[PDB]
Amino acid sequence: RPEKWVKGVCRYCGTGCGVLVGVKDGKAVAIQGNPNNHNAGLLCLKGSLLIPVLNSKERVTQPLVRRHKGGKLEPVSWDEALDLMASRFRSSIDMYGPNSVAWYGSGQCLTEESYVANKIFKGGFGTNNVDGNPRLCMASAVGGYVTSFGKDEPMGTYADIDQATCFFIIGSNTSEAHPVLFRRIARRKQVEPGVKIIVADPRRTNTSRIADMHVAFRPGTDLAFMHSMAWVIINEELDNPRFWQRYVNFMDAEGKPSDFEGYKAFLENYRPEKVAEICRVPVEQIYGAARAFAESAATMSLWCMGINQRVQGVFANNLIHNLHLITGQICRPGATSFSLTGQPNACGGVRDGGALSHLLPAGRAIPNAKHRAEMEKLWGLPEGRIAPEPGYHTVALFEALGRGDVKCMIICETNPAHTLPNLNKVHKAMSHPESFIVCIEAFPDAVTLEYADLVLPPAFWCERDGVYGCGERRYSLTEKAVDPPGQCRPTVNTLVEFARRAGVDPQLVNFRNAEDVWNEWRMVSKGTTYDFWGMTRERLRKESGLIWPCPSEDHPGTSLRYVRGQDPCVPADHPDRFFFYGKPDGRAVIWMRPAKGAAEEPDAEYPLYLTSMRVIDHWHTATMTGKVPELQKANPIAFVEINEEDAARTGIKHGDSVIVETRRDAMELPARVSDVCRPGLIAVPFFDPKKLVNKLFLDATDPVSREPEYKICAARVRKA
């Protein structure tokens, strides 16, 4: 049994379960749920089996160098490693200017690592080449929220699940991707059997088995589906005029102001009978979906990659918001429009802290001259040091690296050789013989390390302290539970030593530890609509998370954003009960987004939709969950899901080896034949480093958020 229990957060999903880590003689021996965090002491199996990961010996414990392109990683000292790193970076800026260097990070870094990296790069080096994996994930949700509400992140919280009466769950396999969360939704329907659940997803997954209605639409036709719901809502007088006349503005197909009648006329392009043919669904599912959504006392939408990993991701996020805006199912307990975040710290670390190429900390933006002044002042910089132009977004970043525009790059806590789309093209880029790539990486089996020129050994997870901000705006702290192995070091300290050594002004990285950097970041937030000044380390050790806005030490935090008398940002004497203060007139915005499709659509030559998905037993590239023997008893290897009736008609039997082929590559997989995939669709997981499916996917990006469309491309299938 454990001697003591150290409070933290699950290293996995954006559910952000609180965790308590039992240790004895400086060794983690047991894990349980934080009874006081939102998850109430529960953890899925992945969480429950984190100790063998934490305890694994197959770990990167010394710095390593690759002397030459295509050589072996050999041991180097931290001292030699650091000097190398700083000299290359500095020399590169010296020769070619700061846009020759870049940071590529992740919503798995602690908020403090991403904050310090973001600062070193944007303020130290003078480049906005800071990006990271949430570009590939949540950037559509950010676009959707900013264009609809004028501020990022949901206005609701997980606690809204306990109070919803209808759940519209689209582009989300909640059961496999947010298991504790899916249980809270399951529990809700079980408490109140009257609750309706609508699961919209081209696949039929476990998630749908608690659903009253499963809408298995044709990939890429969900926009049309959601306009059509709106048509049914307005047509049957189920909308909420008192809400929308006061709190909403309308924008037409061209983004010019419009009105309710324009909305009405625009929708006439999206009648149920027409849209049912397009979506390939019975028409009664549209009426069904729209009525459930609108007649329910409280409606909550939840969505994830099926909506965001899409050239039309921003628009699809807008369409989900339109449903809530036209009904006023929002700013109310149980009624809210709630984007699910995948990673544990995409929200806290990358979106809120602004660690993307076009962003600045705490809701500020690169193009915005006043915002840069705000930051030069806060970071004590000279005037005009923050570059006025966005850096490379992710796909354009690795394209930059391929042309040699970006010469030096740090990849931190991500596996881009495994997880970027269009891998053959990326791999060529990562092989630029004149590039210098530094991987900060814990597990030696990450495929990306095959490209590293230098590899640094980080402290993993609760081998050091730091903050995670999950999908519901909870900031939760993880304390230090064990010493890291070998020569592993907290990345926070690594970054500082890196910046001092590369000539960055040391006023800029004046941090001994994560506590220091958290205190400055509290300051940078103060008086913005993200203010978490009230979240001192003292409170975060005592509490199992606080939810922002949280502007002072006696503030409990905020459940409902935009609501008078619940969100400190809304003036007590604001004339009305709601205030979408992210728009200049306090009104949220319904957008008339034309419904299109995928960037690569099926045709005679490639007749099938290919999609890619999450599996419950493996987390992403499986460098962690793959260390846990019991997590292989279901899914050891990649497979392709094929539809029963597509299989019948083309002679494919279950278990059979087939080639899946797209324009970009071809690859053999055992076929798992069923009704999971609707007809015309095939699906693949991406956990297998021996089957790198991103070789198959195209690269095409939403033009506004620059998210890739991993969810749809055109494939064909053939018996091997």
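All residue numbers refer to positions in the sequence shown, first residue = 1.
On average the C-alpha atoms of 645-653 have higher B-factors than those of the other stretch, with 645-653 and 496-504 being the two compared. Mean CA temperature factor is higher for 630-638 when stretches 220-228 and 630-638 are set side by side in the entry. Listed residues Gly313, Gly171, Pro382, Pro179 were ranked by CA B-factor as deposited; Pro382 comes out on top.
In this PDB entry, the Cα temperature factor of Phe167 sits in the bottom third of its chain's modelled residues, the lowest group. Sort the modelled residues of the chain by CA B factor and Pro458 lands in the middle third.
Looking at the C-alpha B-factors along this chain, the one for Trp548 belongs to the highest third. Residue-level temperature factors show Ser208 in the lowest third of its chain, judged at the C-alpha atom.
Compared with the other modelled residues of the chain, the Cα B-factor recorded for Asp201 ranks in the lowest third.
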